[PDB]
Amino acid sequence: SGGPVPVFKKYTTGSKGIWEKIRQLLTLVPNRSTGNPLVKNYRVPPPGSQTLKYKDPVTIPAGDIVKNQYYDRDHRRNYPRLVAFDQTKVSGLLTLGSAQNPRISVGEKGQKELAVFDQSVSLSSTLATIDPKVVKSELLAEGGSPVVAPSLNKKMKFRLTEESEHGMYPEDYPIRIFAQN
Amino acid sequence: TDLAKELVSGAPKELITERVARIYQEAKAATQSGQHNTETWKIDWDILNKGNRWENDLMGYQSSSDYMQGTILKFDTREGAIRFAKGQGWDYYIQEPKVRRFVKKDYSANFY
Amino acid sequence: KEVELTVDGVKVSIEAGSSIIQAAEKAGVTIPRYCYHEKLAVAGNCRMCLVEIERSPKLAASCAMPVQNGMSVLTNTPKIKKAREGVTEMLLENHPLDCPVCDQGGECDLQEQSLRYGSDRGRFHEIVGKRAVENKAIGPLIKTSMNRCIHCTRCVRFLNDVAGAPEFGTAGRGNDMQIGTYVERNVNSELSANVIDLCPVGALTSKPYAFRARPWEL
Amino acid sequence: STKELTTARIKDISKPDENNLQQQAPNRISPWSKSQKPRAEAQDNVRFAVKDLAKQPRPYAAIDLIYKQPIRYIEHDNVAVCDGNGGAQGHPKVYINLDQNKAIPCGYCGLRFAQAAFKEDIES
Amino acid sequence: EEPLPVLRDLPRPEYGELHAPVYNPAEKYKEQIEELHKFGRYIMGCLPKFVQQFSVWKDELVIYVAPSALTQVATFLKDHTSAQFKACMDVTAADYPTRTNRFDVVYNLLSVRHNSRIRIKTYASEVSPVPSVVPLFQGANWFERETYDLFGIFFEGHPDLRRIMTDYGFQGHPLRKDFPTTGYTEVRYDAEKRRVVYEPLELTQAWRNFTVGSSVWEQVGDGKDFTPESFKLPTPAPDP
Amino acid sequence: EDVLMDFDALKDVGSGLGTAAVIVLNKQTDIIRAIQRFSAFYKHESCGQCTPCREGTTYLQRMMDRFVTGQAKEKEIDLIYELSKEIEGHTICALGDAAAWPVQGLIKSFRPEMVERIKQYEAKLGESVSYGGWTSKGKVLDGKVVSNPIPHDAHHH
Ligand code: SF4
Ligand code: SF4
Ligand code: SF4
Ligand code: FES
Ligand SMILES: [K+]
Ligand SMILES: [Zn+2]
């Protein structure tokens with residue numbers, strides 16, 4: 001927890017000897033820093049005089065000379081395709097089912113039903129004449145419950161916290177602090 | 001289609017009475033075997049007979065007064081390009097793209 | 001005489017004896033190529049157009065393999081992707097790092113097809129170095145930088161068959177094979193300069209146009 | 001003579017004068033490109049009427065400096081390798097063929113390389 | 001009392017050859033893709049009369065409606081308990097001169113209730129009217145003004161529609177594809193008239209079109225299919 | 001020990017009965033140099049029209065020259081094996097296939113003997129060699145690579 005820290009543990013120029021004793025007596029908060037960076041510590045090796053020998057970092061699976069076929073990591077050309085669902089295809093999915101739960105007849109009898117949804121088929125007409133259990137199981141969820149808008153992050157919860165934890169303003173200030181929970 | 005949409009576009013009248021646009025499909029470059037650029041229809045404007053380019057004497061810059069010199073519209077179909085040009089009331093002309101004649105090509109023909 | 005073949009699940013129909021690379025273009029499928037030109041004789045010396053015939057254990061060059069009825073052609077399987085990267089690596093093994101000083105920079109087929117179909121990284125770290133080839137003098141029109149040639153024989157095929165000038169050919173064997181006229185002479189043809197357009201790389205370039213512009217400016 | 005000051009030449013027919021402000025460069029009289037505007041013509045402008053020509057930027061001509069560098073002669077090898085003599089701070093590494101009986105310059109640095117067997121032929 | 005340590009001299013860890021997973025970034029959206037497909041289908045089922053089609057890309061759902069259906073769909077997406085999109089974060093447009101209706105009018109909604117976002121797409125021409133969602137979302141007042149200023153789209157029902165970005169008396173709509181990037185006129189101070197005046201555009205250096213250097217080869221292929229298995233038309237069983 | 005001379009029995013064990021040319025190799029021989037000789041043979045005998053064998057054989061010859069001396073790394077054993085795969089099945093004629101099998105045969109059954117050269121070579125040079133035969137001091141000066149042992153094995157001449 002980011003509690004108070006003594007002044008000598010902060011990388012700022014401070015007072016010495018008698019002038020340090022005087023500062024502690026007169027300052028309301030003696031542990032605060034003056035904000036002047038330490039001349040002997042801050043930026044003492046300048047970026048142009050660093051002794052570090054830099055090397056380009058490379059990962060093994062994607063930056064090696066072996067077992068590194070590019071198409072195995074070519075995510076840009078394996079982008080998701082853009083698919084739009086109109087009322088004709090939704091009616092087909094509702095009437096014939098999906099490939100996950102097929103409800104379409106077999107053989108030539110099944111291809112007749114598929115060719116129905118190759119032209120305009122209104123969804124309202126499909127809903128008008130259809131078994132209601134299909135709507136309660138495919139279009140709706142949990143036996144007819146409405147489909148709630150899906151969350152962008154299911155782990156976005158919060159919990160109310162008190163001053164002893166978050167260290168912010170006490171309860172008499174008109175703001176509150178929510179943690180991750 | 002028949003609506004004169006140029007009355008509300010805000011463009012100056014010189015685009016109609018003084019400038020000519022070309023509707024064309026880009027020809028395949030002779031230095032490359034790719035044909036991607038030839039799949040779209042484009043519209044550009046003919047250069048001004050004077051003031052299209054002149055040399056600035058201070059630095060040798062290419063000065064110009066044609067505000068349409070760098071505008072090239074992109075269309076997916078020829079009909080869309082014609083419909084847009086007609087809608088804006090532009091004076092245009094279409095350059096029909098050249099089509100390559102198909103000739104059979106086989107390795108056996110190198111000896112027969 | 002039409003044959004109904006398949007290219008990546010697309011029905012195609014062309015005249016009998018047509019190459020697979022011709023049927024692929026009619027089907028809208030793009031196959032990389034260096035040595036194939038739709039106006040020159042068929043060569044198979046570049047191996048960039050390799051495709052996988054459905055029932056065959058061998059990869060066929062689409063520019064030379066004739067079409068058959070019922071033939072199904074795959075052009076984007078991982079096996080072909082391996083072949084394209086492998087052939088690209090071989091082409092760029094000895095190619096000089098000349099793009100900044102090479103007039104084909106912005107209109108190079110070797111650059112674009114290596115970017116599109118080759119890998120993003122090279123593995124040639126040899127200390128012996130690349131092949132070095134001296135520049136041939138064939139007149140004031142065609143500028144030669146023969147380090148950049150990929151031995152595709154477009155110039156040889158054009159000048160012998162189309163232009164009708166047989167003084168240009170391939171001399172040598174193996175890695176020491178050099179395009180040129182062997183002896184010190186020029187190319188005598190009113191259509192010789194078309195060799196500059198046909199050369200996909202900067203090996204043959206326009207001498208009057210040298211260094212003066214980049215294609216994206218024009 | 002205003003003919004050496006306004007025409008591109010391979011060599012200057014006289015010795016350049018470092019104090020002459022009509023030369024293309026302090027170390028070169030004539031321009032080194034056919035499309036390079038002569039300095040004398042450029043300075044004959046209304047904007048140089050009350051301007052001191054001595055303080056204008058006059059960098060040395062690189063064409064005269066590069067040819068003061070001696071030819072690098074390679075022993076027991078027909079291929080020369082150059083990367084700018086700086087490595088990561090130079091130019092892309094290229095390989096120069098030396099089969100021909102002449103010095104061949106680098107495509108980037110302009111340093112000329114040749115075989116030692118052709119040293120007598122090149123120097124004469 | 002102790003001196004502060006020199007952070008430069010502190011020891012640092014030693015790492016060998018690093019490793020990293022290689023996977024498609026689209027794989028992490030598998031739950032988002034399927035949930036949005038079900039929610040997008042639920043909206044079409046609730047509004048078959050208005051919803052032309054819907055699309056799902058990773059974690060973004062788009063609803064496509066006609067101009068005459070914009071008010072109803074926005075009202076439904078705002079007041080329905082399962083879809084409480086009270087905030088309209090953006091209203092924008094895009095120009096497609098190829099199509100009969102040039103402009104796609106895009107509405108991005110946010111639901112702080114369920115931590116969800118949705119998109120509404122409609123279409124407009126240079127003269128066709130589009131209903132104003134200002135009565136529904138008061139925050140769309142300035143966005144619709146900006147859309148008109150840069151495109152010219154007719155927003156019917158806007159309480160105060162006018163320019164918001166261009167100069168007073170500006171002619172043309174800059175974000176149209178036919179509008180030149182440099183405009184038609186420029187300003188300068190006229191000493192004779194003692195004021196700033198508009199004059200026809202003249203450039204000391206014309207804008208150089210380097211876009212003509214685009215690649216002559218296609219760069220991205222047909223892509224990979226990421227449609228959920230529960231949203232593919234079934235293939236019938238083979239012959240007996 | 002149990003090889004029968006056949007187009008199939010030798011096929012099963014991973015070899016081929018091309019022309020019955022049996023070459024015997026006793027333990028007192030340089031196995032890597034012998035295989036390196038095969039790679040140099042096909043580079044010189046490559047007709048040079050297809051891209052793979054015109055470039056791959058030169059690529060294999062360059063890498064085999066560093067293996068015979070040990071101026072390489074252990075990971076490059078898999079690199080040269082991959083390069084041989086890029087030659088097979090991508091050529092007009094079978095010389096490209098014939099130029100990859102001898103290298104793969106060395107890797108398949110005699111890989112530890114190839115690693116021994118690399119380990120031994122580092123002892124003489126002290127510091128380990130990087131990819132392609134480069135050291136920590138090798139750099140190019142005035143037309144040549146200096147401060148680095150270069151494998152001068154390209155037939156000199
Ligand atoms: S030919 Fe192409 S790849 Fe080779 S140097 Fe020129 S631009 Fe680069
Ligand atoms: S010089 Fe050019 S056209 Fe001729 S073979 Fe080489 S790459 Fe092909
Ligand atoms: S694989 Fe055969 S035909 Fe092709 S270049 Fe090599 S030797 Fe010649
Ligand atoms: S394009 Fe077919 S091998 Fe060259
Ligand atoms: K060329
Ligand atoms: Zn150099």
Side-chain angles (χ1 to χ4, degrees), chain B residues 4-21 43-74 84-85 87-91, chain C residues 217, chain D residues 45-47, chain E residues 91-95 97 102-103 126-127 141-155 158 160-212:
Chain B
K5 298 184 180 182
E6 70 276 6
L7 293 177
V8 302
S9 62
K13 308 172 184 177
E14 281 70 20
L15 274 182
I16 290 89
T17 70
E18 295 180 5
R19 310 294 275 97
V20 184
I43 293 185
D44 61 350
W45 282 258
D46 288 0
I47 64 179
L48 298 171
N49 299 332
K50 188 180 183 61
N52 171 258
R53 290 296 165 90
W54 72 86
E55 188 187 42
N56 172 257
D57 54 356
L58 182 57
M59 293 297 300
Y61 285 165
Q62 304 282 57
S63 301
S64 182
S65 60
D66 187 6
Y67 42 79
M68 303 305 299
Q69 66 93 23
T71 305
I72 297 180
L73 282 75
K74 303 300 187 63
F84 184 84
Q88 305 303 308
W90 288 340
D91 178 20
Chain C
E217 286 184 315
Chain D
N45 191 271
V46 335
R47 291 174 288 268
Chain E
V91 178
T92 180
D95 191 12
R102 297 179 54 182
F103 306 105
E126 309 179 22
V127 292
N141 191 307
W142 272 29
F143 288 101
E144 290 183 359
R145 290 177 56 191
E146 184 179 14
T147 300
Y148 162 80
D149 193 7
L150 305 177
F151 291 95
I153 299 183
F154 192 99
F155 286 101
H158 201 284
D160 186 11
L161 192 64
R162 49 188 172 93
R163 299 179 179 90
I164 206 183
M165 289 299 177
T166 55
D167 192 4
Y168 306 100
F170 187 86
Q171 300 297 300
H173 302 288
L175 283 191
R176 294 185 176 184
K177 290 301 179 182
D178 52 324
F179 194 94
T181 178
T182 57
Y184 310 109
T185 49
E186 57 179 354
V187 302
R188 69 172 186 89
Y189 178 76
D190 197 322
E192 310 168 12
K193 308 184 185 303
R194 294 285 194 89
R195 67 176 186 268
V196 183
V197 296
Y198 268 89
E199 298 208 357
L201 170 64
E202 290 192 9
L203 289 169
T204 306
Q205 184 178 32
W207 178 82
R208 287 167 287 180
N209 186 17
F210 294 156
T211 67
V212 294

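Scope of the values below: all heavy atoms of this structure, side chains included, with no hydrogens, waters or symmetry mates. Naming: A, B, ... by sequence-line order, numbering from 1 per chain.
Every residue two or more places apart in sequence or in another chain was checked for a salt bridge (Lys or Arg N to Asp or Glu O under 4.0 Å) with E:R145, and none qualifies. By the salt bridge (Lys or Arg N to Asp or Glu O under 4.0 Å) test, E:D190 is found to be paired with E:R188, residues two or more places apart in sequence or in another chain being considered.
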Test log, rule side chain to side chain donor-acceptor pair (under 3.5 Å), inputs B:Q62 and E:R208: CA-CA 9 Å; B:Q62 304 282 57; E:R208 287 167 287 180; over 6 Å; no
Before you tell me yes or no, could you show the steps for E:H173 and E:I153 under side chain to side chain contact (heavy atoms under 4.5 Å, CB included), namely the whole-Å CA-CA distance, both residues' side-chain angles and the distance that decides it to 0.1 Å? CA-CA 10 Å; E:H173 302 288; E:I153 299 183; over 6 Å; no
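Of the inter-residue distances, the one linking B:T71 atom OG1 with B:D44 atom CG reads 10.0 Å to the nearest 0.5 angstrom. Considering NZ of B:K74 and OG1 of E:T211, their distance stands at 6.5 Å, rounded to 0.5 Å. Note that OH of B:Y67 and CG of E:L203 are 13.0 Å apart. Values are rounded to the nearest 0.5 Å. Atom CZ of residue B:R19 and atom CG of residue B:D91 lie 10.5 Å apart, to the nearest 0.5 angstrom. With rounding to the nearest 0.5 angstrom, the CD1 atom of E:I164 is 5.0 Å from the CH2 atom of E:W142. Between E:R162 atom CZ and E:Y148 atom OH the span is 12.0 Å, to the nearest 0.5 Å.
Between B:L73 and E:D178 there is a side-chain heavy-atom pair separated by less than 4.5 Å. In this structure, the side chains of E:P174 and E:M165 stay at 4.5 Å or more apart for every pair of heavy atoms. Put simply, the side chain of E:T204 does not reach to within 4.5 Å of the side chain of B:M59, judged on heavy atoms. Residues B:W90 and B:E6 fail the side-chain proximity criterion, which asks for heavy atoms closer than 4.5 Å.
Residue E:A93 comes nearest to E:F151 through the heavy atom pair O-CZ, 3.1 Å, listed as atom of the first residue, atom of the second, then distance. Of all non-hydrogen atoms in E:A206 and B:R53, the two that sit nearest each other are CB-NE, 3.9 Å. When every heavy atom of E:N141 is checked against every heavy atom of E:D160, the shortest pair comes out as OD1-O, 4.2 Å. The nearest pair of heavy atoms linking E:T147 to E:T92 is OG1-CA, 4.0 Å. Considering all non-hydrogen atoms of both residues, B:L15 and B:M68 come closest at CD2-CG, 3.8 Å.
The local environment of CZ in E:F155 is crowded, with over 12 non-hydrogen atoms from other residues, nucleotides or ligands closer than 6.0 Å. Shown here is B:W54, whose CH2 atom has more than 12 heavy atoms of other residues, nucleotides or ligands within 6.0 Å. Under a cut-off of 6.0 angstrom, the local environment of CZ in E:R163 is crowded, with over 12 non-hydrogen atoms contributed by other residues, nucleotides or ligands. Within 6.0 Å of NZ on B:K5 lie more than 12 heavy atoms contributed by other residues, nucleotides or ligands. Summarising the local packing, OH of B:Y61 is surrounded by 12 or fewer heavy atoms from other residues, nucleotides or ligands at distances under 6.0 Å.
A donor-acceptor distance shorter than 3.5 angstrom exists from the side chain of B:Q69 to the backbone of E:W207, with no hydrogens or angles considered. A donor-acceptor pair under 3.5 Å is formed between the side chain of B:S64 and the backbone N or O of B:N52. Side-chain atoms of E:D149 come within 3.5 Å of backbone N or O of E:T166 as a donor-acceptor pair. Counting only distance, with no hydrogens or angles, the side chain of E:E186 and the backbone of E:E202 share a donor-acceptor pair below 3.5 Å. Side-chain atoms of B:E18 do not come within 3.5 Å of backbone N or O of B:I16 as any donor-acceptor pair. Of the possible donor and acceptor atoms, none in the side chain of E:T185 sits under 3.5 Å from a partner among the backbone N and O of E:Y198.
Using bins of under 30°, 30° to 60° and over 60° for the plane-to-plane angle, the ring pair E:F179/E:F170 lands in the tilted bin.
Between E:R102 and E:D95 there is a salt bridge, since at least one side-chain N of the basic residue sits less than 4.0 Å from a carboxylate O of the acidic one.
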